[PDB]
Amino acid sequence: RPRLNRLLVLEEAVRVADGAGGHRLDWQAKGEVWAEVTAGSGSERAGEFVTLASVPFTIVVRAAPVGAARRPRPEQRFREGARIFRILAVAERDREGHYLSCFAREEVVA
Amino acid sequence: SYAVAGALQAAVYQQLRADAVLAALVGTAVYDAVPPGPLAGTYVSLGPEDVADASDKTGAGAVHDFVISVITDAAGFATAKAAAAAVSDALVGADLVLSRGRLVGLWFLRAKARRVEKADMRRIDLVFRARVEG
């Protein structure tokens, strides 16, 4: 079972729509959650015109029912200081449902 | 490249970051070499040229169809279209000064504008033609 040792700020961006059918993201902070972060094999990735530096980073938080603020959704992101962990999906580790699997990237531009 | 293109990129980089708009939309994030850090996310990028050699008996010139891409991580990409509106009016009708040789005109060409990686980044290319003279 996980050792939730690291503190991560959950961040949901409120989506103000613009004129052309898109939205605007500002990323205000939601509450702070404790989670363990487990790195996978990391390597460079050909970005757009950047040489990014990605790592898999499976993140384990505690769970919640789906209509609650303590559930990280995949449109959210984590942040430890200035390290932006994205969220790819959440996936319910245990059989009983105590913990979740977040999946990050944390791609600094290298 | 031909002899001019070393100074053509140095002139179309210096025409950017002195344009008043896009100093308020993109900011300082106009670069060929992306500096290390957290990757701001609304940058432009000025590298992928290609030359076509419009020359003559007396001397030589060139036609540079250089590409200036605008990248954004925003939800929509009316942000990038507003940023490349600030790119293009800064360059068409340039009246630039080069370091080696002259350019006679800086026109506009194709500008593809699609979704690049994982439907998340939004990159809009801008091909500009620069007929120069060595």
# chains A, B, ... in the order shown; residues from 1 in each chain; ligands from 1
$ interface_residues --of "chain B" --to "chain A" --cutoff "12 Å" --atoms "only C-alpha atoms" --output "ChimeraX atom specification"
/B:31-48,68-82,115-118,120-125
$ residues_around --residues "region 91-103 of chain B" --least-positions-apart "3" --cutoff "10 Å" --atoms "only C-alpha atoms" --output "short mmCIF file (atom, residue, chain, number, x, y, z; two decimals) with N, CA and C atoms, in the first residue's frame"
data_model
loop_
_atom_site.label_atom_id
_atom_site.label_comp_id
_atom_site.auth_asym_id
_atom_site.auth_seq_id
_atom_site.Cartn_x
_atom_site.Cartn_y
_atom_site.Cartn_z
N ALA B 3 24.53 33.22 -49.07
CA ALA B 3 25.31 34.08 -48.19
C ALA B 3 24.43 35.01 -47.36
N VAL B 4 23.21 35.26 -47.81
CA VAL B 4 22.40 36.29 -47.16
C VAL B 4 21.71 35.73 -45.92
N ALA B 5 21.26 34.48 -45.97
CA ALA B 5 20.38 33.86 -44.98
C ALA B 5 20.91 33.82 -43.56
N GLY B 6 22.22 33.98 -43.38
CA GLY B 6 22.76 34.17 -42.04
C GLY B 6 22.28 35.47 -41.41
N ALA B 7 22.15 36.51 -42.22
CA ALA B 7 21.70 37.81 -41.76
C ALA B 7 20.20 38.03 -41.94
N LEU B 8 19.55 37.21 -42.76
CA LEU B 8 18.11 37.32 -42.93
C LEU B 8 17.37 36.88 -41.68
N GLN B 9 17.80 35.76 -41.09
CA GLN B 9 17.21 35.33 -39.83
C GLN B 9 17.53 36.30 -38.71
N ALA B 10 18.72 36.90 -38.73
CA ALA B 10 19.07 37.87 -37.71
C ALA B 10 18.30 39.17 -37.88
N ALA B 11 17.78 39.44 -39.07
CA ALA B 11 16.96 40.62 -39.27
C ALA B 11 15.49 40.37 -38.99
N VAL B 12 14.97 39.20 -39.35
CA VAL B 12 13.58 38.90 -39.03
C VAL B 12 13.41 38.43 -37.60
N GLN B 14 15.22 40.33 -35.24
CA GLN B 14 15.26 41.65 -34.63
C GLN B 14 14.08 42.52 -35.01
N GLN B 15 13.38 42.21 -36.11
CA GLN B 15 12.13 42.90 -36.37
C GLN B 15 11.05 42.44 -35.41
N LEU B 16 11.07 41.17 -35.05
CA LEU B 16 10.32 40.72 -33.89
C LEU B 16 11.05 41.15 -32.62
N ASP B 19 8.51 44.78 -32.23
CA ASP B 19 7.12 45.04 -32.53
C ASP B 19 6.35 45.17 -31.22
N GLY B 61 21.21 36.19 -56.19
CA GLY B 61 20.20 36.44 -55.18
C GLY B 61 19.60 35.13 -54.71
N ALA B 62 18.49 35.19 -53.98
CA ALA B 62 17.88 33.99 -53.42
C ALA B 62 16.44 34.29 -53.03
N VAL B 63 15.67 33.22 -52.87
CA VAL B 63 14.27 33.29 -52.46
C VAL B 63 14.12 32.40 -51.24
N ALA B 86 -0.15 39.37 -35.21
CA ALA B 86 0.93 40.24 -34.81
C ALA B 86 2.26 39.86 -35.45
N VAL B 87 2.44 38.61 -35.86
CA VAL B 87 3.65 38.24 -36.59
C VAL B 87 3.65 38.86 -37.97
N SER B 88 2.54 38.68 -38.69
CA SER B 88 2.55 38.90 -40.13
C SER B 88 2.59 40.38 -40.48
N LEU B 106 9.58 41.29 -48.72
CA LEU B 106 9.23 40.21 -47.80
C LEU B 106 7.73 40.01 -47.89
N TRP B 107 7.30 39.03 -48.67
CA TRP B 107 5.89 38.78 -48.88
C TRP B 107 5.39 37.72 -47.90
N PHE B 108 4.20 37.21 -48.18
CA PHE B 108 3.57 36.18 -47.39
C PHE B 108 3.16 35.04 -48.32
N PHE B 128 6.86 32.73 -45.13
CA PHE B 128 7.11 34.04 -45.70
C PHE B 128 8.19 33.92 -46.76
N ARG B 129 7.97 34.56 -47.91
CA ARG B 129 8.97 34.60 -48.96
C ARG B 129 9.81 35.86 -48.85
N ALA B 130 11.13 35.69 -48.83
CA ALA B 130 12.08 36.80 -48.79
C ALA B 130 12.99 36.68 -50.00
N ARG B 131 12.76 37.52 -51.00
CA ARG B 131 13.65 37.62 -52.15
C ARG B 131 14.80 38.55 -51.79
N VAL B 132 16.00 37.99 -51.68
CA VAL B 132 17.15 38.74 -51.23
C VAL B 132 18.14 38.88 -52.38
N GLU B 133 19.22 39.61 -52.13
CA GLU B 133 20.25 39.86 -53.13
C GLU B 133 21.61 39.84 -52.46
N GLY B 134 22.49 38.99 -52.97
CA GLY B 134 23.84 38.90 -52.44
C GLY B 134 24.80 39.79 -53.21
#
$ select_by_dssp --residues "chain B" --states "strand (DSSP E or B)" --output "PyMOL selection string"
chain B and resi 30+44-45+61-67+69-72+102-106+113-115+122-124+127-133
$ write_last_selection --atoms "N, CA, C and O atoms" --output "CSV table (one decimal), in the first residue's frame"
chain,number,residue,atom,x,y,z
B,30,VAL,N,10.1,34.8,-28.1
B,30,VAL,CA,10.4,34.7,-29.5
B,30,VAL,C,11.9,34.2,-29.6
B,30,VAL,O,12.8,34.9,-29.3
B,44,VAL,N,6.8,31.6,-30.1
B,44,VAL,CA,7.0,31.4,-31.6
B,44,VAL,C,8.4,31.0,-31.8
B,44,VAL,O,9.2,31.0,-31.0
B,45,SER,N,8.6,30.5,-33.0
B,45,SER,CA,9.9,29.8,-33.4
B,45,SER,C,10.3,30.1,-34.8
B,45,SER,O,9.4,29.9,-35.7
B,61,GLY,N,21.2,36.2,-56.2
B,61,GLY,CA,20.2,36.4,-55.2
B,61,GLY,C,19.6,35.1,-54.7
B,61,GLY,O,20.1,34.1,-55.0
B,62,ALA,N,18.5,35.2,-54.0
B,62,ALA,CA,17.9,34.0,-53.4
B,62,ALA,C,16.4,34.3,-53.0
B,62,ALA,O,16.1,35.4,-52.9
B,63,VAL,N,15.7,33.2,-52.9
B,63,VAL,CA,14.3,33.3,-52.5
B,63,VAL,C,14.1,32.4,-51.2
B,63,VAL,O,14.2,31.2,-51.3
B,64,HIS,N,13.8,33.0,-50.1
B,64,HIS,CA,13.8,32.3,-48.8
B,64,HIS,C,12.4,32.1,-48.4
B,64,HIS,O,11.7,33.1,-48.0
B,65,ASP,N,11.9,30.9,-48.4
B,65,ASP,CA,10.5,30.6,-47.9
B,65,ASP,C,10.6,30.1,-46.5
B,65,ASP,O,10.2,29.0,-46.1
B,66,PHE,N,11.1,31.0,-45.6
B,66,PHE,CA,11.3,30.7,-44.2
B,66,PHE,C,10.0,30.6,-43.5
B,66,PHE,O,9.1,31.3,-43.7
B,67,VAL,N,10.0,29.7,-42.5
B,67,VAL,CA,8.8,29.3,-41.8
B,67,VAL,C,8.9,29.9,-40.4
B,67,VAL,O,9.9,29.7,-39.7
B,69,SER,N,6.7,29.6,-37.0
B,69,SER,CA,5.6,28.9,-36.4
B,69,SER,C,5.2,29.5,-35.1
B,69,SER,O,6.0,30.1,-34.4
B,70,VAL,N,3.9,29.5,-34.8
B,70,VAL,CA,3.4,30.0,-33.5
B,70,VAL,C,2.8,28.8,-32.8
B,70,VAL,O,1.8,28.2,-33.3
B,71,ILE,N,3.3,28.5,-31.6
B,71,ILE,CA,2.8,27.4,-30.8
B,71,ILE,C,2.0,27.9,-29.6
B,71,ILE,O,2.4,29.0,-29.1
B,72,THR,N,0.9,27.3,-29.3
B,72,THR,CA,0.2,27.6,-28.1
B,72,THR,C,-0.3,26.4,-27.4
B,72,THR,O,-0.5,25.3,-28.0
B,102,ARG,N,21.3,42.7,-49.6
B,102,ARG,CA,20.0,43.4,-49.5
B,102,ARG,C,18.9,42.4,-49.7
B,102,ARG,O,19.0,41.3,-50.3
B,103,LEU,N,17.7,42.7,-49.1
B,103,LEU,CA,16.5,42.1,-49.5
B,103,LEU,C,15.6,43.1,-50.2
B,103,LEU,O,15.7,44.3,-49.9
B,104,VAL,N,14.8,42.7,-51.2
B,104,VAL,CA,14.0,43.6,-52.0
B,104,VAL,C,12.6,43.6,-51.6
B,104,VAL,O,11.8,44.5,-51.8
B,105,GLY,N,12.1,42.5,-51.0
B,105,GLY,CA,10.7,42.3,-50.6
B,105,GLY,C,10.5,41.2,-49.7
B,105,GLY,O,11.2,40.1,-49.8
B,106,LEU,N,9.6,41.3,-48.7
B,106,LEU,CA,9.2,40.2,-47.8
B,106,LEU,C,7.7,40.0,-47.9
B,106,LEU,O,7.0,40.7,-47.3
B,113,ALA,N,-2.4,25.6,-40.4
B,113,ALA,CA,-2.7,26.0,-39.0
B,113,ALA,C,-3.5,24.8,-38.4
B,113,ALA,O,-4.7,24.8,-38.4
B,114,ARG,N,-2.8,23.8,-37.9
B,114,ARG,CA,-3.4,22.6,-37.4
B,114,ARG,C,-3.0,22.2,-36.0
B,114,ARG,O,-2.3,22.9,-35.3
B,115,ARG,N,-3.6,21.1,-35.5
B,115,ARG,CA,-3.3,20.5,-34.2
B,115,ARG,C,-2.1,19.5,-34.3
B,115,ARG,O,-2.2,18.6,-35.1
B,122,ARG,N,-1.2,23.5,-30.4
B,122,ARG,CA,-1.8,24.1,-31.6
B,122,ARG,C,-0.7,24.9,-32.3
B,122,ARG,O,-0.4,25.9,-31.8
B,123,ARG,N,-0.2,24.4,-33.4
B,123,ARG,CA,0.8,25.1,-34.1
B,123,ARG,C,0.4,25.6,-35.4
B,123,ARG,O,-0.2,24.9,-36.2
B,124,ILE,N,0.6,26.9,-35.7
B,124,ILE,CA,0.2,27.5,-36.9
B,124,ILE,C,1.5,28.0,-37.7
B,124,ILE,O,2.1,29.0,-37.2
B,127,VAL,N,4.6,30.7,-43.7
B,127,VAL,CA,5.6,30.7,-44.7
B,127,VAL,C,5.7,32.1,-45.3
B,127,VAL,O,4.7,32.6,-45.8
B,128,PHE,N,6.9,32.7,-45.1
B,128,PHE,CA,7.1,34.0,-45.7
B,128,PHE,C,8.2,33.9,-46.8
B,128,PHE,O,9.2,33.3,-46.5
B,129,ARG,N,8.0,34.6,-47.9
B,129,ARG,CA,9.0,34.6,-49.0
B,129,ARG,C,9.8,35.9,-48.9
B,129,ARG,O,9.3,37.0,-48.8
B,130,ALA,N,11.1,35.7,-48.8
B,130,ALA,CA,12.1,36.8,-48.8
B,130,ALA,C,13.0,36.7,-50.0
B,130,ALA,O,13.9,35.8,-50.0
B,131,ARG,N,12.8,37.5,-51.0
B,131,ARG,CA,13.7,37.6,-52.1
B,131,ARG,C,14.8,38.5,-51.8
B,131,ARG,O,14.6,39.7,-51.6
B,132,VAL,N,16.0,38.0,-51.7
B,132,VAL,CA,17.2,38.7,-51.2
B,132,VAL,C,18.1,38.9,-52.4
B,132,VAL,O,18.0,38.4,-53.5
B,133,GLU,N,19.2,39.6,-52.1
B,133,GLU,CA,20.2,39.9,-53.1
B,133,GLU,C,21.6,39.8,-52.5
B,133,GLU,O,21.8,40.6,-51.5
$ atom_distance --atom1 "CA of residue 8 (chain A)" --atom2 "CA of residue 105 (chain A)"
14.3 Å
$ decode --residues "region 24-104 of chain A" --atoms "C-alpha atoms" --output "PDB file, in the first residue's frame"
ATOM      1  CA  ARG A  24      -9.010  30.409 -21.693  1.00  0.00           C
ATOM      2  CA  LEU A  25      -7.083  28.681 -18.914  1.00  0.00           C
ATOM      3  CA  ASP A  26      -5.679  30.383 -15.815  1.00  0.00           C
ATOM      4  CA  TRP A  27      -5.064  27.440 -13.411  1.00  0.00           C
ATOM      5  CA  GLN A  28      -6.196  28.612 -10.008  1.00  0.00           C
ATOM      6  CA  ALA A  29      -5.224  26.320  -7.160  1.00  0.00           C
ATOM      7  CA  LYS A  30      -7.609  23.761  -5.731  1.00  0.00           C
ATOM      8  CA  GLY A  31      -6.797  22.082  -2.404  1.00  0.00           C
ATOM      9  CA  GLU A  32      -3.530  20.402  -1.507  1.00  0.00           C
ATOM     10  CA  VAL A  33      -3.297  16.615  -1.581  1.00  0.00           C
ATOM     11  CA  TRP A  34      -0.666  14.198  -0.335  1.00  0.00           C
ATOM     12  CA  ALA A  35       0.592  11.609  -2.794  1.00  0.00           C
ATOM     13  CA  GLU A  36       3.513   9.356  -3.593  1.00  0.00           C
ATOM     14  CA  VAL A  37       5.187   9.844  -6.963  1.00  0.00           C
ATOM     15  CA  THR A  38       6.922   6.934  -8.681  1.00  0.00           C
ATOM     16  CA  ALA A  39       9.132   7.715 -11.653  1.00  0.00           C
ATOM     17  CA  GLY A  40       9.255   5.552 -14.735  1.00  0.00           C
ATOM     18  CA  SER A  41      11.962   5.434 -17.371  1.00  0.00           C
ATOM     19  CA  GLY A  42      12.553   8.980 -18.618  1.00  0.00           C
ATOM     20  CA  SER A  43      14.118  10.215 -21.844  1.00  0.00           C
ATOM     21  CA  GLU A  44      14.010  13.115 -24.267  1.00  0.00           C
ATOM     22  CA  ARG A  45      11.070  13.545 -26.604  1.00  0.00           C
ATOM     23  CA  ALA A  46      10.907  15.489 -29.850  1.00  0.00           C
ATOM     24  CA  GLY A  47       8.562  18.335 -29.001  1.00  0.00           C
ATOM     25  CA  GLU A  48       7.350  20.893 -31.495  1.00  0.00           C
ATOM     26  CA  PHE A  49      10.563  22.862 -31.778  1.00  0.00           C
ATOM     27  CA  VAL A  50      11.696  22.009 -28.252  1.00  0.00           C
ATOM     28  CA  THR A  51      13.728  19.099 -26.909  1.00  0.00           C
ATOM     29  CA  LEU A  52      11.475  18.118 -24.023  1.00  0.00           C
ATOM     30  CA  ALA A  53      12.398  15.884 -21.088  1.00  0.00           C
ATOM     31  CA  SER A  54       9.610  13.604 -19.913  1.00  0.00           C
ATOM     32  CA  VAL A  55       9.107  10.992 -17.182  1.00  0.00           C
ATOM     33  CA  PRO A  56       6.144   8.696 -16.543  1.00  0.00           C
ATOM     34  CA  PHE A  57       5.482   9.550 -12.814  1.00  0.00           C
ATOM     35  CA  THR A  58       2.565   7.437 -11.634  1.00  0.00           C
ATOM     36  CA  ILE A  59       1.015   9.406  -8.762  1.00  0.00           C
ATOM     37  CA  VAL A  60      -1.089   7.769  -6.055  1.00  0.00           C
ATOM     38  CA  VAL A  61      -3.620   9.898  -4.179  1.00  0.00           C
ATOM     39  CA  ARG A  62      -6.450   8.893  -1.904  1.00  0.00           C
ATOM     40  CA  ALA A  63      -9.800   8.285  -3.540  1.00  0.00           C
ATOM     41  CA  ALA A  64     -13.210   9.955  -3.427  1.00  0.00           C
ATOM     42  CA  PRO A  65     -16.597   9.557  -5.108  1.00  0.00           C
ATOM     43  CA  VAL A  66     -16.662  11.089  -8.574  1.00  0.00           C
ATOM     44  CA  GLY A  67     -18.707  14.136  -7.588  1.00  0.00           C
ATOM     45  CA  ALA A  68     -16.126  15.467  -5.148  1.00  0.00           C
ATOM     46  CA  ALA A  69     -13.302  17.985  -5.251  1.00  0.00           C
ATOM     47  CA  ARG A  70     -10.802  15.444  -3.918  1.00  0.00           C
ATOM     48  CA  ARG A  71     -11.003  13.466  -7.178  1.00  0.00           C
ATOM     49  CA  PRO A  72      -8.303  14.568  -9.632  1.00  0.00           C
ATOM     50  CA  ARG A  73      -9.796  14.662 -13.098  1.00  0.00           C
ATOM     51  CA  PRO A  74      -7.630  14.333 -16.239  1.00  0.00           C
ATOM     52  CA  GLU A  75      -8.249  17.995 -17.153  1.00  0.00           C
ATOM     53  CA  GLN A  76      -6.456  19.012 -13.950  1.00  0.00           C
ATOM     54  CA  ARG A  77      -2.762  19.054 -13.067  1.00  0.00           C
ATOM     55  CA  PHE A  78      -0.514  18.811 -10.046  1.00  0.00           C
ATOM     56  CA  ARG A  79       2.180  21.272  -9.048  1.00  0.00           C
ATOM     57  CA  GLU A  80       4.977  20.867  -6.510  1.00  0.00           C
ATOM     58  CA  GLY A  81       6.348  24.386  -6.476  1.00  0.00           C
ATOM     59  CA  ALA A  82       7.026  25.070 -10.151  1.00  0.00           C
ATOM     60  CA  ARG A  83       6.998  21.436 -11.357  1.00  0.00           C
ATOM     61  CA  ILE A  84       3.865  20.932 -13.424  1.00  0.00           C
ATOM     62  CA  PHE A  85       2.698  17.329 -13.282  1.00  0.00           C
ATOM     63  CA  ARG A  86      -0.053  16.760 -15.794  1.00  0.00           C
ATOM     64  CA  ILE A  87      -2.800  14.196 -15.271  1.00  0.00           C
ATOM     65  CA  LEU A  88      -3.346  11.636 -17.996  1.00  0.00           C
ATOM     66  CA  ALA A  89      -6.008   9.464 -16.308  1.00  0.00           C
ATOM     67  CA  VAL A  90      -7.184   8.271 -12.904  1.00  0.00           C
ATOM     68  CA  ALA A  91      -7.642   4.572 -12.482  1.00  0.00           C
ATOM     69  CA  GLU A  92      -8.517   3.241  -8.954  1.00  0.00           C
ATOM     70  CA  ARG A  93      -5.584   1.074  -7.762  1.00  0.00           C
ATOM     71  CA  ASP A  94      -6.972  -1.030  -4.936  1.00  0.00           C
ATOM     72  CA  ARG A  95      -9.715  -3.610  -5.075  1.00  0.00           C
ATOM     73  CA  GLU A  96     -11.544  -1.829  -2.270  1.00  0.00           C
ATOM     74  CA  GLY A  97     -11.090   1.604  -3.825  1.00  0.00           C
ATOM     75  CA  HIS A  98      -8.901   3.382  -1.279  1.00  0.00           C
ATOM     76  CA  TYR A  99      -6.353   4.869  -3.709  1.00  0.00           C
ATOM     77  CA  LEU A 100      -6.118   6.184  -7.279  1.00  0.00           C
ATOM     78  CA  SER A 101      -3.487   6.115 -10.025  1.00  0.00           C
ATOM     79  CA  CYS A 102      -2.734   9.491 -11.470  1.00  0.00           C
ATOM     80  CA  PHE A 103      -0.350   9.570 -14.406  1.00  0.00           C
ATOM     81  CA  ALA A 104       1.905  12.564 -14.999  1.00  0.00           C
TER      82      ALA A 104
END
